[PDB]
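As structure tokens, the structure follows; a few thoughts come after it.
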Amino acid sequence: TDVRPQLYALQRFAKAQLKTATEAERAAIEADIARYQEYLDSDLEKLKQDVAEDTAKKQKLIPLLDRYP
Amino acid sequence: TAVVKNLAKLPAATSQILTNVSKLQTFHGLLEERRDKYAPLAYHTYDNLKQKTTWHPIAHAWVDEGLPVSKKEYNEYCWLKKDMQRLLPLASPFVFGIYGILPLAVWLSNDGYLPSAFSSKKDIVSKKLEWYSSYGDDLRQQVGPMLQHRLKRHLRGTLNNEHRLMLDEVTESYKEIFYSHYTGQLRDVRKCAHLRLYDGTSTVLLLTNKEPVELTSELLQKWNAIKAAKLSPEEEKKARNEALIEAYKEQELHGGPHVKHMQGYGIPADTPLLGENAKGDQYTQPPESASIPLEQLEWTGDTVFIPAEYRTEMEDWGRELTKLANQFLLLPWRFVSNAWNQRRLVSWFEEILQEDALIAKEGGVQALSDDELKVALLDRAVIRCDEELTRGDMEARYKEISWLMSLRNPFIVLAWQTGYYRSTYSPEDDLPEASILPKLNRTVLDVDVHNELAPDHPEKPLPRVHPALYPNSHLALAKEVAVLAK
Amino acid sequence: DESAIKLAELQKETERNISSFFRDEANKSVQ
Amino acid sequence: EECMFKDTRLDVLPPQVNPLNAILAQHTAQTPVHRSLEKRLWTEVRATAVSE
């Protein structure tokens, strides 16, 4: 299972979508492209860090919802 | 009995009474010193009939965000104010004579009639809880249902006129808020906020040197941004006036403020010229401020809150509903106009809001103890002492009523509160049977305040969606998660 | 219903955009 | 007029509609497509994180 080519595909799709974007959408997509380039340069370390942050948020959220353990 | 038991400590109580009076004086000096330089002037306003004052928390209940005070000290302040209220029967011998001591005996009989000095306990929280569990919850548990009925019958009206007064969109929310003691299901506070649909749109006119401008979310956001940027006043006032003229143009394009076309309120047009004063076609005489150019539009620092409460306003409540609202909140109610009880209720409201602010400064609800949280909920009138809830249920209850009181409407607050005081008694001994399920538990996460809820259509209610099921909930609930996991 | 079909339609439109873009890209790569 | 002498609870039942569908639909309509494709990456990377 590869991750780098999927990220390249995502960046290319975002570039394709940028053409039909409005001003605010264009700025947001530019920030997103910068984020993807930062992930690419960082060798997926920042990406995995953000994934771990979100997963930690979720994994802290689950056990609190067990009202009747 | 309790009469002699309290007479035994009456000598030991006068010293504590005077000490408490001194503490109250010092705290009031501090609070008023802060209020007289940080708080605005909430002008007095008379009701529609213009004979008695009317009161609303949006204008009169000010919260000193930045009060260098501990929460327990504010609890002491409020409790000692109530003790000063309870010290009033001491005046009976000084107005009736030496035979005005039997009222003082009746005062000394019940400990709930008395101030703190007659209590053996020391901590303000334990003292307050003792008073509540002894006298106050019982006194409140016999006013809740009747107050609820009065609020209902204030909405739906008297003499079979519900088709003329009630709304068909607040129907299911009305049922869930007022008839959930039939179902046994929990209530969503947003369904109590739906009761505000009986009212009109609450507006805020900022008064300028030219015209009044209606406040909006955009203008308020811009003003908060300018306040956060911490700019020089030469730039601050300039940006504020820029946003103000922008909003003025926006509302002039909208068709004027909402207040121009609302029954009971209105902005006058240009004054007319009478008879020979009419100069041909110019039948009007514009005001002086018309000479001022619009670029010089400056905020006067004056504001006008218009709740537009056509059905919820405390004036139309009545002689009885006001008294019961003050009874249910354990406030003074006898032998006074509804204006004075309105002020008392608004002062209670202000106290609760300041206490909420200090709790949020002190680290939220979880920083509090169990007895302290119990006492807070008792002050908010959402718990009765014959329940023995969990900590999570108490925290959710606090969050619920805190958000509901953030909206500054006493009617929905009382509607919410009275739902927690609908207890029945069975005629049989075996029934109700011992339950099989565990005690009710909740969490702060189960309360949905960060999302809007449309009113369910009549006879088409929808199920409840947990906030956790929403997209990106782990990001929105991250604060509560960090507070709870720690 | 009138809430599930809408969600399915939005998801299908998103997947349609994705698949159409990548299919055009593959066709251009073969070209 | 004879509403009390009937049982029309079956004529009027609570609908079986899931309001979550109305919520998720508003969520997708606001988001773009590349974020939808990103979520496939967030999920895939989470699988590999659990694998390793």
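So you know, we letter chains A, B, ... as the sequences are listed, proteins then strands, and number each from 1.
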Whether A:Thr55 side chain and A:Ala52 backbone form a donor-acceptor pair below 3.5 Å: no
Spatial distance of atom CG (A:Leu47) from atom CG (A:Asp50) [nearest 0.5 Å]: 7.0 Å
Residues B:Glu372, B:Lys71: salt bridge by 4.0 Å N-O rule: yes
Side-chain H-bond candidate by donor/acceptor type, B:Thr312 with B:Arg196, under 3.5 Å: no
Residue pair B:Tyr421 / B:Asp137, side-chain donor-acceptor N/O under 3.5 Å: no
Flag if over 12 foreign heavy atoms under 6.0 Å of NZ, D:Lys6: yes
B:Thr418 side chain to B:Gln148 backbone, donor-acceptor under 3.5 Å: no
From CA spacing to verdict: side-chain contact (heavy atoms from CB on, under 4.5 Å), B:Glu395, B:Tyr398: CA-CA 5 Å; B:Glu395 289 167 7; B:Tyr398 182 89; 5.7 Å; no
Non-hydrogen side-chain atoms of A:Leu64 and B:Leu477 separated by less than 4.5 Å: no
Value rounded to 0.5 Å, distance of CE in B:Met146 from CG in B:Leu321: 11.0 Å
Within-4.5 Å side-chain heavy-atom neighbours: B:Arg150 and B:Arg153: no
Atom OH of B:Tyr182: over 12 foreign heavy atoms under 6.0 Å: no
N-O pairing of B:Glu387 and B:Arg384 below 4.0 Å: yes
Test: B:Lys374 and B:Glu388 ion pair at under 4.0 Å: yes
Note, B:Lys222 side chain near B:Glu246 side chain (heavy atom, < 4.5 Å): yes
Over 12 non-hydrogen atoms of neighbours within 6.0 angstrom of NE2 in B:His181: yes
B:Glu218 atom CD, neighbour heavy-atom count above 12 within 6.0 Å: no
Geometric class of the C:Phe22/A:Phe13 ring pair [parallel <30°, tilted 30-60°, perpendicular >60°]: tilted
Exam field: side chain D:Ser51 to backbone D:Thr48, donor-acceptor pair closer than 3.5 Å: yes
Criterion side-chain contact (heavy atoms from CB on, under 4.5 Å) on B:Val189 and B:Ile412, from CA distance to verdict: CA-CA 9 Å; B:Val189 182; B:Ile412 68 189; over 6 Å; no
Check: D:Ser36 side chain, D:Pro32 main-chain N or O, donor-acceptor pair, under 3.5 Å: no
Greater than 12 external heavy atoms within 6.0 Å of D:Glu52's CD: yes
Atom of D:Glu44, atom of A:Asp2 and distance for their closest heavy-atom approach: OE2-O, 3.4 Å
Donor-acceptor side-chain pairing of B:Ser180 and B:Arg187 below 3.5 angstrom: no
C:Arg16/C:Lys12 under side-chain contact (heavy atoms from CB on, under 4.5 Å): CA gap, chis, key distance, verdict: CA-CA 6 Å; C:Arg16 185 67 58 73; C:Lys12 279 184 184 181; 5.5 Å; no
Nearest heavy atoms of B:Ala193 and B:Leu407, plus distance in Å: CB-CD1, 4.2 Å
C:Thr14 side, atom OG1; D:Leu37 side, atom CG - distance, nearest 0.5 Å: 10.5 Å
Would you tabulate the side-chain donor-acceptor contacts of residues 449-462 of chain B under 3.5 Å, counting partners in other chains and residues two or more places apart, or write 'none'?
unit_1, atom_1, unit_2, atom_2, d
B:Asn451, ND2, B:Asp448, OD1, 3.2
B:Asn451, ND2, B:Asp448, OD2, 3.4
B:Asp456, OD2, B:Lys191, NZ, 3.2

Modelled atom types, side-chain donor and acceptor of B:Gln417 and B:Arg380, under 3.5 Å: no
Intermediate values then yes/no, side-chain contact (heavy atoms from CB on, under 4.5 Å), B:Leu147 and B:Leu151: CA-CA 6 Å; B:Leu147 172 61; B:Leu151 298 158; 4.1 Å; yes
Working for salt bridge (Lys or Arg N to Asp or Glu O under 4.0 Å), residues B:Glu400 and B:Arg442: CA-CA 12 Å; B:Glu400 281 173 337; B:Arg442 312 172 66 197; 3.0 Å; yes
Min side-chain heavy-atom separation B:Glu355-B:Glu351 under 4.5 Å: no
Nearest-0.5 Å distance, CZ of residue A:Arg12 to CD of residue A:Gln17: 14.0 Å
Heavy-atom closest pair, residues B:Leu404 and B:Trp416: CD2-CB, 3.3 Å
Ionic contact status for B:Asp199 with B:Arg311, cut-off 4.0 Å: no
Over 12 foreign heavy atoms within 6.0 Å of CD, A:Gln37: yes
Between B:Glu309 and B:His56: side-chain donor-acceptor atoms closer than 3.5 Å: yes
Side-chain touch D:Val17/C:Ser3, heavy atoms, less than 4.5 angstrom: yes
Side-chain donor/acceptor of B:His254 to backbone N/O of B:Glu250, under 3.5 Å: yes
Any donor-acceptor N or O pair under 3.5 Å, side chains A:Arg4, A:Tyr8: yes
From D:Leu20 atom CG to D:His27 atom NE2, the distance as rounded to the nearest 0.5 Å: 11.0 Å
Spatial distance of atom CD (B:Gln366) from atom CD1 (B:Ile359) [nearest 0.5 Å]: 11.0 Å
Test: A:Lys46 and A:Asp41 ion pair at under 4.0 Å: no
Donor on one side chain, acceptor on other, A:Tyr36 and D:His34, under 3.5 Å: yes
Basic-acidic side-chain contact under 4.0 Å: B:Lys175, B:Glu172: yes
Listed once per pair and sorted, the side chain to side chain donor-acceptor pair (under 3.5 Å) pairs that draw on residues 466-486 of chain B, sequence neighbours left out: B:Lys399-B:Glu480, B:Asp446-B:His466
Cation-pi check, B:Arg397 onto B:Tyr420 ring (under 6.0 Å, within 45° of axis): yes
Residues, nucleotides or ligands: over 12 heavy atoms within 6.0 Å of B:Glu65 CD: no
Sub-4.5 Å side-chain heavy-atom contact between B:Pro471 and D:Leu24: yes
Contact summary for B:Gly200 and B:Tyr310, nearest pair of heavy atoms: N-CD1, 4.0 Å
Pair B:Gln185-B:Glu176, side-chain donor/acceptor within less than 3.5 Å: no
Residue pair B:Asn441 / B:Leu389, side-chain heavy-atom distance below 4.5 Å: no
More than 12 heavy atoms of other groups within 6.0 Å of C:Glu25 CD: yes
Presence of salt bridge, B:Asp188 and B:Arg190, under 4.0 angstrom: yes
pair C:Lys6-C:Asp1: side-chain heavy atoms closer than 4.5 Å: no
